[PDB]
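Here the structure comes first, spelled out in structure tokens, and everything after it is commentary.
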Amino acid sequence: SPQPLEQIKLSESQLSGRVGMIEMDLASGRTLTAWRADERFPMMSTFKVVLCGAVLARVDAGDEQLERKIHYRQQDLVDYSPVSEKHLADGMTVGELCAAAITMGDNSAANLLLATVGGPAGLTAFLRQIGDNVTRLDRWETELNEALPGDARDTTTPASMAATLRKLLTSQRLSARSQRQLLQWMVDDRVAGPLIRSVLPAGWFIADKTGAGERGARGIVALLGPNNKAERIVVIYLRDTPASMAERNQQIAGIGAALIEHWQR
Ligand SMILES: OC[C@H]1O[C@H](O[C@H]2[C@H](O)[C@@H](O)[C@H](OCCCCCCC3CCCCC3)O[C@@H]2CO)[C@H](O)[C@@H](O)[C@@H]1O
Ligand SMILES: *C(=O)/C=C\N[C@@H](C(=O)O)[C@](C)(Cn1ccnn1)[SH](=O)=O
């Protein structure tokens with residue numbers, strides 16, 4: 001494979017869409033690769049990691065418990081709720097909801113959690129409170145995945161998202177236990193995690209949260225690194241491409257391949 005930046009470019013050429021990407025050292029925040037890092041991209045499902053970071057902040061403050069069981073109704077369900085639809089009789093704990101939202105892509109679980117943090121406005125306020133002055137959530141699932149051209153709603157920038165994820169996972173804004181919990185949820189992704197490992201060379205660590213939207217919107221926020229260590233944060237977003245899901249998946253994987261083949265930078 002070619003150099004990371006050259007592959008990113010090749011991907012835009014092949015997809016006819018915009019690619020946004022940041023490769024950052026998790027421990028220090030050193031930015032290695034940055035492409036359209038300050039441009040807006042729909043967060044799609046990747047917003048759920050930030051969402052649960054806000055939930056954990058409430059837990060740390062004593063205003064929430066991961067054990068707290070929430071009982072909801074069928075009318076509360078939205079499109080795609082593989083886990084939540086199975087618990088209309090017994091409910092789900094806040095912690096279970098975060099696991100379902102992040103590891104299983106459960107949309108209703110996400111909306112329930114979003115309500116606990118003050119909705120889209122509440123999560124955005126949380127982002128502002130941790131120093132992210134760019135990322136914004138405006139809608140709920142599943143409308144937040146609309147990805148209309150030129151629409152600033154429900155967007156982030158590669159640079160903002162990488163910085164925010166790093167803050168949540170390592171800046172000690174969240175308690176030690178909470179940082180560990182957020183990390184384990186990403187490690188436990190059941191949607192793309194297993195597939196990625198199946199194609200990663202031996203020795204490479206992966207933790208992630210992926211997302212998809214309309215007009216070819218696609219994205220992934222991940223932790224990657226050799227020697228089984230979460231060495232770097234890698235954020236990749238795609239938008240405005242008419243390509244098949246398969247090809248969009250292939251292009252993102254291709255960027256990953258370039259990073260893997262040219263890691264020491
Ligand atoms: O010399 C480097 C490596 O080259 C290949 O590894 C290939 C692998 O066979 C392929 O499956 C993967 O595609 C990428 C697989 C992962 C896709 C998702 C990666 C994510 C990570 C998080 C951010 C977005 C990308 O590329 C690598 C690098 O060429 C060899 O098979 C392996 O023996 C060797 O160690
Ligand atoms: C967030 O994850 C956005 C989309 N996820 C879908 C996808 O990746 O294509 C899923 C198939 C879940 N979804 C309507 C989302 N109808 N199913 S999954 O792979 O997360």
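For the structure tokens, the naming scheme is as follows: chains receive sequential letters (A, B, ...) according to their order of presentation, residues are indexed from 1 within each chain, and ligands are indexed from 1 in presentation order.
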Q: Mind checking which residues fall within 12 Å of residue 194 of chain A, counting only C-alpha atoms, ignoring those fewer than 4 positions away in the same chain, and posting them as a PyMOL selection string?
A: chain A and resi 103+186-190+198-200+205-209
Tell me, which residues of segment 16-73 of chain A carry DSSP strand (DSSP E), written as a list in words?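 In segment 16-73 of chain A, DSSP puts these residues in strand (DSSP E): residues 18, 19, 20, 21, 22, 23, 24, 25, 31, 32, 33, 34, 35, 41, 42, 69 and 70 of chain A.
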Exercise: residue 119 of chain A partners within 9 Å, only C-alpha atoms, chain neighbours under 4 positions left out, as a PDB file with C-alpha atoms, in the first residue's frame:
ATOM      1  CA  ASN A 111     -32.302   7.802  22.568  1.00  0.00           C
ATOM      2  CA  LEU A 113     -29.560   7.651  27.191  1.00  0.00           C
ATOM      3  CA  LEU A 114     -29.741  10.913  25.244  1.00  0.00           C
ATOM      4  CA  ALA A 115     -32.855  11.854  27.206  1.00  0.00           C
ATOM      5  CA  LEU A 123     -24.980  16.569  25.025  1.00  0.00           C
ATOM      6  CA  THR A 124     -23.803  19.605  23.059  1.00  0.00           C
ATOM      7  CA  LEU A 137     -25.776  17.057  18.173  1.00  0.00           C
ATOM      8  CA  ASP A 138     -29.119  18.490  17.091  1.00  0.00           C
ATOM      9  CA  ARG A 139     -31.391  15.515  16.537  1.00  0.00           C
ATOM     10  CA  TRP A 140     -32.287  12.061  17.831  1.00  0.00           C
TER      11      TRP A 140
END
Go through chain A and flag each residue having an atom no more than 8 Å from ligand 1; for those, report the closest pair of atoms plus their distance in Å to one decimal, using only C-alpha atoms and all ligand atoms, ordered by chain and rising number, as a Markdown table.
| residue | atom | partner | partner_atom_place_in_ligand_line | distance |
| --- | --- | --- | --- | --- |
| A:1 | CA | ligand 1 | 29 (O) | 6.1 |
| A:196 | CA | ligand 1 | 16 (C) | 5.1 |
| A:197 | CA | ligand 1 | 16 (C) | 7.0 |
| A:198 | CA | ligand 1 | 11 (O) | 7.7 |
| A:199 | CA | ligand 1 | 11 (O) | 3.9 |
| A:200 | CA | ligand 1 | 15 (C) | 4.7 |
| A:201 | CA | ligand 1 | 32 (C) | 4.9 |
| A:202 | CA | ligand 1 | 35 (O) | 7.0 |
| A:206 | CA | ligand 1 | 21 (C) | 6.7 |
| A:207 | CA | ligand 1 | 22 (C) | 7.8 |
| A:208 | CA | ligand 1 | 22 (C) | 7.1 |
| A:220 | CA | ligand 1 | 24 (C) | 6.3 |
| A:221 | CA | ligand 1 | 23 (C) | 6.6 |
| A:222 | CA | ligand 1 | 22 (C) | 4.9 |
| A:223 | CA | ligand 1 | 22 (C) | 6.4 |
| A:224 | CA | ligand 1 | 22 (C) | 5.8 |
| A:233 | CA | ligand 1 | 23 (C) | 7.9 |
| A:234 | CA | ligand 1 | 23 (C) | 5.0 |
| A:235 | CA | ligand 1 | 23 (C) | 6.3 |
| A:236 | CA | ligand 1 | 24 (C) | 6.3 |
| A:250 | CA | ligand 1 | 17 (C) | 7.9 |
| A:252 | CA | ligand 1 | 25 (C) | 5.5 |
| A:253 | CA | ligand 1 | 17 (C) | 3.7 |
| A:254 | CA | ligand 1 | 14 (C) | 5.9 |
| A:255 | CA | ligand 1 | 25 (C) | 6.0 |
| A:256 | CA | ligand 1 | 25 (C) | 3.7 |
| A:257 | CA | ligand 1 | 26 (O) | 3.7 |
| A:258 | CA | ligand 1 | 29 (O) | 6.4 |
| A:259 | CA | ligand 1 | 28 (C) | 7.7 |
| A:260 | CA | ligand 1 | 28 (C) | 5.3 |
| A:261 | CA | ligand 1 | 2 (C) | 4.9 |
| If you count only C-alpha atoms and all ligand atoms, which residues end up within 8 Å of ligand 2, as a ChimeraX atom specification? | /A:44-46,79-80,104-107,142,145,191-192,209-213,245
Could you write out that same residue set with N, CA and C atoms as a tab-separated table (two decimals), in the first residue's frame?
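This went into result-v9.tsv:
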chain	number	residue	atom	x	y	z
A	44	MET	N	-22.98	10.49	12.77
A	44	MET	CA	-23.75	9.26	12.67
A	44	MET	C	-23.62	8.53	14.01
A	45	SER	N	-23.57	7.21	13.95
A	45	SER	CA	-23.48	6.36	15.14
A	45	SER	C	-22.26	6.61	16.04
A	46	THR	N	-21.22	7.23	15.51
A	46	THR	CA	-20.03	7.47	16.32
A	46	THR	C	-20.30	8.41	17.49
A	79	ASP	N	-36.31	2.89	14.93
A	79	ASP	CA	-35.71	1.93	14.01
A	79	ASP	C	-34.39	1.32	14.47
A	80	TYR	N	-34.37	-0.01	14.50
A	80	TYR	CA	-33.21	-0.82	14.88
A	80	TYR	C	-32.88	-0.79	16.36
A	104	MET	N	-23.73	-2.84	20.05
A	104	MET	CA	-24.73	-3.45	19.19
A	104	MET	C	-25.47	-2.47	18.27
A	105	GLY	N	-25.09	-1.20	18.33
A	105	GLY	CA	-25.73	-0.21	17.48
A	105	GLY	C	-27.21	0.00	17.75
A	106	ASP	N	-27.65	-0.27	18.97
A	106	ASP	CA	-29.06	-0.11	19.35
A	106	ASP	C	-29.46	1.37	19.38
A	107	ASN	N	-30.37	1.77	18.48
A	107	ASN	CA	-30.81	3.16	18.40
A	107	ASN	C	-31.74	3.63	19.49
A	142	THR	N	-33.66	8.19	14.48
A	142	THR	CA	-32.57	8.01	13.53
A	142	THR	C	-32.35	9.20	12.60
A	145	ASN	N	-28.89	10.84	11.27
A	145	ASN	CA	-28.06	10.22	10.24
A	145	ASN	C	-28.40	10.72	8.83
A	191	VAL	N	-20.38	-5.10	16.23
A	191	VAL	CA	-20.75	-4.78	14.85
A	191	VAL	C	-19.59	-4.85	13.85
A	192	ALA	N	-18.50	-4.16	14.15
A	192	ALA	CA	-17.35	-4.14	13.24
A	192	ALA	C	-16.08	-4.72	13.87
A	209	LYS	N	-15.98	2.20	17.18
A	209	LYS	CA	-17.40	2.51	17.06
A	209	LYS	C	-17.54	3.02	15.63
A	210	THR	N	-18.39	2.36	14.84
A	210	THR	CA	-18.60	2.76	13.45
A	210	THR	C	-19.98	3.36	13.27
A	211	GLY	N	-20.18	4.01	12.12
A	211	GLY	CA	-21.47	4.61	11.83
A	211	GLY	C	-21.68	4.75	10.34
A	212	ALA	N	-22.93	4.90	9.94
A	212	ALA	CA	-23.28	5.05	8.53
A	212	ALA	C	-24.50	5.96	8.41
A	213	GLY	N	-24.61	6.65	7.29
A	213	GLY	CA	-25.74	7.54	7.08
A	213	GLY	C	-26.11	7.62	5.61
A	245	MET	N	-21.88	0.43	-0.01
A	245	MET	CA	-21.38	0.30	1.34
A	245	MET	C	-20.10	-0.51	1.30
For segment 179-256 of chain A against segment 54-65 of chain A, with a cut-off of 10 Å and counting only C-alpha atoms, what is the closest atom pair and its distance in Å to one decimal for every residue that makes the cut, ordered by chain and number, as CSV?
residue,atom,partner,partner_atom,distance
A:179,CA,A:56,CA,8.4
A:181,CA,A:56,CA,8.6
A:182,CA,A:56,CA,8.1
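Closest approach to residue 108 of chain A among A:9, A:87, A:218, A:30 is made by A:87 (distances from only C-alpha atoms).
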